[PDB]
Structures are given as C-alpha cells and as structure tokens.
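Asks: My structure is below; once you've seen it, I'll send some questions.
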Amino acid sequence: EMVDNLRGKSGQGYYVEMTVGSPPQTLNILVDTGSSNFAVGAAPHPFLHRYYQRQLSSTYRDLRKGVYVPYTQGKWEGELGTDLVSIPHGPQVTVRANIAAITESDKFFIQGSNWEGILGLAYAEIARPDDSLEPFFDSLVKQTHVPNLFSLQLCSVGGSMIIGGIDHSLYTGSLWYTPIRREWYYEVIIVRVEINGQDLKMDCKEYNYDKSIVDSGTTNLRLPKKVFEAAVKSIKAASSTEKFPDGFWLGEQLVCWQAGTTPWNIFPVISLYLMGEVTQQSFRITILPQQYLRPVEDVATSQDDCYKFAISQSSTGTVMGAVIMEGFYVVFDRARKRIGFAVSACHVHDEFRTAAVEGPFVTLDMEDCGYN
Ligand SMILES: CCc1ccnc2c(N3CCCC3=O)cc(C(=O)N[C@@H](Cc3ccccc3)[C@H](O)CNCc3cccc(C(F)(F)F)c3)cc12
C-alpha cells in the first residue's frame, strides 16, 4: 500500500502525504535525505495552498525555541514544537515528533510545487538548532516497531517511499551496498568517475572533497569544482559534433531540439564508482543523458524539447541528487549503516543503452578516498 505514495513536479522535489496534529491536518511533505529537520509552512505564503494551524491542534506543544535553516537553495525561520504525525500511505502508526513551524521564508517554497513542508530523513548530527533535536525517522523507529530503514524509488512525476523495508517489485537485478561513512548526512565514498568508459584520472579524494552525500532534496548532481571542470571537458569532447553556448554548461540557459529529435546518442554515459563493503572493491552506477539533461516543461517552448544541464559545481562536496537517484531503487539501510543501489522498475533507457548498477570492480591503488 506504500507503492506509488510519492508525487512531484520534475525538478521540484518528491513529496509524500502526511498529517500533523489532532484532529489531523493533511499536508504534502517533500522527502529530503539531505537534511534532518521536519518543518512545515505554518503561516500564509503566496505559494502555499495550505499550512499547519497550531491553534487547531489540541496535541500541539510549543518548545519555546526558534530555529533557522539555510539550505543550498532557500531558507526558512520558525518555531519549534512537537505534535502527532501520521503517514496515510505509509505504516499505520502515529508518532509524536519535533516540528518546525515555518513562519518566515526566502526562496524556499516553490510556486506550483504542491508541497507545504519538508521531511529531513538524515541524522541528528546535522539537525538545527543542534543534535538534541531528534529527527522524525528516529522518533518513528523509537516509538513503533518499524524496522530502521527506508527505500526510495524516484521516477508530473511519482515514486515510492517504502518505510521499514524493501519492496522487490520496485527493482530488478542485484542490490549493491556502499557504506555510510559517517552518520550525519548520508555520506558515501566515490572511488572512480568515468565518462563514456574513460577515467577522469584524479586522485580519488578529489571526488569526495569535502564530502559526498546522497540527497533526494537536491535536484542536480553537484560536483567539487575541480571534478566539475574535468567532467564538463569530457562531456563536451564526447558531444563535440554539436556545440552549445558556455551558458548551457553553467546551467544558465536551456538547450532545445525540435520535439522528438533530441540527439541522446551524442551524449556520454557517466559512471560513478562507489566504495564497496569489501577492501578495494567497488561497484558502479551508470547515468544516461536522459538523467543529467533535465527536461524543462513549458507550454511556451513546446514545439521543442528543452533541457537544463543538471550537473553543476559545488564548494561543499559531491551531492548525488534526484537526477542521480531517479531510475534507481535506493535503500537507506540505517540499521546496517549502508546504502543500497539497484536498477529501478522505472529505469532510464532507450534502445541502445540502459542505466545500470554493476560490479564488482577492484582497484590496485590502496589510497583511502575519504577526504578526512
Ligand atoms: C527541490 C528544490 C530544488 C530545485 C532545484 N535545485 C535545487 C538545489 N540546487 C541548487 C543548485 C543545484 C541544485 O540542485 C538545491 C536544493 C537544496 O538545497 N535542497 C535541500 C532541500 C530543499 C528542498 C526544497 C526547497 C529548498 C531546499 C537539501 O536539504 C540540501 N541538502 C544539503 C544541505 C545543504 C545545506 C544545509 C543543509 C542542512 F542544514 F539542512 F543540513 C543541507 C533544492 C533544489
């Protein structure tokens, strides 16, 4: 009953239905593995269809503490409290959880996104104001018998968040696991990057400067500047039969082709090799251009298909965002401190190439690829 419990608009996040308070107030909540605060709009905003009304909830408790969270994109300010929370299309339980009631925000809520709050699924270590503010999933596990893991299948868009386990109908082939290096973000280690089979040939620590995370709340694959520049050079080289403005590669403008004629074949596959559970072993996930060229829906341009380049630069480490997660089934196995990847039932592919998760691979270089 949890399959297809996610919805969204492309590039604007995936959300699950939840209720907060007594009686239950229904809200759509963006699922974010890249943060650890549960926060909901709690005052009127031009882009909010609805919001949390604390005065109508008899179970609301004010914690008398303010909270501020600045993300890569957007920020909000709010008041901490606790209240009863449920997930109608998830486990049939009711949890008392911390909630940040958002009373002011800047460039956080998105016009027409259909969500009114955010569910930070990462660890307390990065919760604001500090790590004593227990994240939602921790509360869920402590207060119920739900097993300590969840899985995401990100595919108008839809998908599934399976709470408490793994749904085999959602993937094919094998699940490959990479260690969670540190429990704050879902931090992993990338050991090798290839563009159309060709190694970027960097010290592998560069791929994880200063950390690498799996983040459903971020759209792009974001790469450390040095890695980003190398990647773009290689993708340009592979696609050189056509020349695009420098602004496209910086994500500052779209590229468009007559509807139905996108030249997928001139763009390379990107392979990210993730550290395995065994010494010097790894597996790779392969990303097709249908993933990193993100379609931008606009009726005005609809004689064409237009795309934004969804790989961009980062000064805070690698972020494997939604365009990376889409088409894979990703298991956040908190209990065993590992992340699993498998090919999704809604995988990307044309008649020539297919997204893949495969291994094992062996590296001869014994360097630790972790930055710290
Ligand atoms: C879905 C909305 C969206 C669309 C398009 N682009 C987006 C984008 N960007 C910017 C450039 C490339 C890119 O993909 C970045 C983010 C973004 O910052 N995601 C947030 C969640 C969020 C969700 C909805 C609205 C705002 C934030 C996530 O927590 C970040 N994790 C690390 C993180 C960073 C900093 C602090 C924290 C902490 F404080 F929460 F821990 C976590 C959302 C984008």
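Ligands are numbered from 1 in the order shown, chains are lettered A, B, ... in the order of the structure tokens, and residues start at 1 in each chain.
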Once you count only C-alpha atoms and all ligand atoms, which residues end up within 8 Å of ligand 1, and could you hand them over as number ranges by chain?
Replies: A: 11-14, 30, 32-37, 69-75, 107-110, 118, 120, 126-128, 185, 215-222, 310-313, 319, 321
Asks: Select from region 37-146 of chain A everything DSSP, run on the backbone, classes as strand (DSSP E or B), then give the selection as an MDAnalysis selection string.
Replies: chainID A and resid 38:41 61:70 75:86 94:106 117:120
Asks: Give the answer as one residue: which of A:284, A:142, A:347, A:334 has the shortest atom-to-atom distance to residue 359 (chain A), using only C-alpha atoms?
Replies: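 Using only C-alpha atoms, residue 359 (chain A) sits closest to A:284.
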Asks: If we count only C-alpha atoms, what is near residue 16 (chain A) at a cut-off of 9 Å, once residues fewer than 6 positions away on the same chain are taken out, given as a list in words?
Replies: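 Everything that qualifies: residues 5, 6, 7, 8, 27, 28, 29, 30, 31, 87, 89, 115, 160 and 161 of chain A.
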Asks: Can you tell me, as a PyMOL selection string, what residues are no more than 10 Å from residue 54 (chain A) when counting only C-alpha atoms, ignoring any on the same chain fewer than 6 positions away?
Replies: chain A and resi 20-22+25+42-43+60-62+81+83+101
Asks: Take the residues from that selection and write them out as an mmCIF file, in the first residue's frame, keeping C-alpha atoms.
Replies:
```cif
data_model
loop_
_atom_site.group_PDB
_atom_site.id
_atom_site.type_symbol
_atom_site.label_atom_id
_atom_site.label_comp_id
_atom_site.auth_asym_id
_atom_site.auth_seq_id
_atom_site.Cartn_x
_atom_site.Cartn_y
_atom_site.Cartn_z
ATOM 1 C CA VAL A 20 0.012 16.682 11.637
ATOM 2 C CA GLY A 21 -1.905 17.498 14.796
ATOM 3 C CA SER A 22 -5.215 16.496 16.354
ATOM 4 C CA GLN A 25 -4.235 18.292 9.208
ATOM 5 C CA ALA A 42 2.648 27.376 9.443
ATOM 6 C CA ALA A 43 1.617 30.810 8.204
ATOM 7 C CA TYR A 60 0.491 20.727 19.806
ATOM 8 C CA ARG A 61 3.186 21.547 22.355
ATOM 9 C CA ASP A 62 5.356 24.660 21.974
ATOM 10 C CA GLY A 81 7.196 22.405 18.841
ATOM 11 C CA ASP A 83 2.770 17.173 17.748
ATOM 12 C CA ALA A 101 6.539 25.688 12.250
#
```
Asks: What does the distance from CA of residue 203 (chain A) to CA of residue 308 (chain A) come to in Å, to one decimal?
Replies: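 Computed distance, CA of residue 203 (chain A) to CA of residue 308 (chain A), equals 29.1 Å.
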Asks: Got a sec: who's within 8 Å of residue 165 (chain A), counting only C-alpha atoms, leaving out chain neighbours fewer than 3 positions off, as a tab-separated table (two decimals) with C-alpha atoms, in the first residue's frame?
Replies:
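Below is the file that was written, around.tsv:
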```tsv
chain	number	residue	atom	x	y	z
A	147	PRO	CA	12.48	-1.51	11.13
A	149	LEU	CA	15.48	1.57	7.18
A	150	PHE	CA	13.61	3.06	4.26
A	151	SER	CA	13.89	2.89	0.49
A	162	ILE	CA	8.90	2.22	1.41
```
Asks: In terms of the shortest atom-to-atom distance over only C-alpha atoms, which of A:291, A:26, A:280, A:286 is closest to residue 361 (chain A)?
Replies: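 Ranking A:291, A:26, A:280, A:286 by distance to residue 361 (chain A), first place goes to A:280.
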Asks: Using only C-alpha atoms, which of A:76, A:123, A:177, A:257 sits nearest residue 137 (chain A)?
Replies: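 The shortest atom-to-atom distance to residue 137 (chain A) comes from A:123.
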Asks: Within 9 Å of residue 357 (chain A), counting only C-alpha atoms, which residues qualify if same-chain residues fewer than 4 places away don't, as a list in words?
Replies: residues 173, 174, 175, 176, 283, 284, 285, 286, 328, 341, 342 and 343 of chain A
Asks: Measuring atom to atom with only C-alpha atoms, identify which of A:281, A:258, A:169, A:239 is nearest to residue 2 (chain A).
Replies: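 For residue 2 (chain A), the nearest of the candidates is A:169.
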Asks: So that I can check the surroundings of region 315-318 of chain A, please list as a JSON list (two decimals) with C-alpha atoms, in the first residue's frame every protein, DNA and RNA residue that reaches within 6 Å of it, counting only C-alpha atoms and ignoring chain neighbours fewer than 6 positions away.
Replies:
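What follows is the written file around_6.json:
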```json
[["chain", "number", "residue", "atom", "x", "y", "z"],
["A", 209, "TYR", "CA", 36.12, 16.94, -1.24],
["A", 210, "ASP", "CA", 34.97, 17.65, 1.29],
["A", 211, "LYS", "CA", 32.23, 15.02, 1.49],
["A", 212, "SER", "CA", 29.86, 13.12, -0.82],
["A", 222, "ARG", "CA", 26.70, 18.60, -7.85],
["A", 223, "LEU", "CA", 30.46, 18.12, -8.12],
["A", 224, "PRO", "CA", 33.51, 19.74, -6.50]]
```
Asks: Mind giving me the straight-line distance from CA of residue 105 (chain A) to CA of residue 158 (chain A) in Å, one decimal?
Replies: 26.4 Å
Asks: Step one, run DSSP on the backbone; step two, keep only residues of region 104-202 of chain A assigned to alpha helix (DSSP H); then write them as an mmCIF file with N, CA, C and O atoms, in the first residue's frame.
Replies:
```
data_model
loop_
_atom_site.group_PDB
_atom_site.id
_atom_site.type_symbol
_atom_site.label_atom_id
_atom_site.label_comp_id
_atom_site.auth_asym_id
_atom_site.auth_seq_id
_atom_site.Cartn_x
_atom_site.Cartn_y
_atom_site.Cartn_z
ATOM 1 N N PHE A 136 12.679 13.067 12.643
ATOM 2 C CA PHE A 136 11.438 12.313 12.546
ATOM 3 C C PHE A 136 11.627 10.804 12.487
ATOM 4 O O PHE A 136 10.939 10.065 13.189
ATOM 5 N N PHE A 137 12.538 10.339 11.639
ATOM 6 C CA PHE A 137 12.651 8.902 11.439
ATOM 7 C C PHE A 137 13.147 8.208 12.703
ATOM 8 O O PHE A 137 12.734 7.090 13.011
ATOM 9 N N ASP A 138 14.026 8.878 13.438
ATOM 10 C CA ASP A 138 14.455 8.383 14.738
ATOM 11 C C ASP A 138 13.272 8.231 15.687
ATOM 12 O O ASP A 138 13.179 7.243 16.417
ATOM 13 N N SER A 139 12.367 9.206 15.676
ATOM 14 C CA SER A 139 11.194 9.143 16.542
ATOM 15 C C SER A 139 10.302 7.990 16.112
ATOM 16 O O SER A 139 9.759 7.265 16.945
ATOM 17 N N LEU A 140 10.158 7.821 14.802
ATOM 18 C CA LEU A 140 9.328 6.758 14.254
ATOM 19 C C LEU A 140 9.827 5.395 14.721
ATOM 20 O O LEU A 140 9.045 4.558 15.177
ATOM 21 N N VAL A 141 11.132 5.181 14.615
ATOM 22 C CA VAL A 141 11.719 3.898 14.974
ATOM 23 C C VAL A 141 11.596 3.633 16.472
ATOM 24 O O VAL A 141 11.281 2.517 16.886
ATOM 25 N N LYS A 142 11.829 4.664 17.281
ATOM 26 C CA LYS A 142 11.794 4.522 18.736
ATOM 27 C C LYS A 142 10.386 4.249 19.259
ATOM 28 O O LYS A 142 10.213 3.539 20.252
ATOM 29 N N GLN A 143 9.383 4.821 18.602
ATOM 30 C CA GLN A 143 8.022 4.791 19.124
ATOM 31 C C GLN A 143 7.168 3.691 18.512
ATOM 32 O O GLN A 143 6.074 3.405 18.997
#
```
Asks: What does the distance from CA of residue 232 (chain A) to CA of residue 214 (chain A) come to in Å, to one decimal?
Replies: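 Distance between the two atoms: 21.1 Å.
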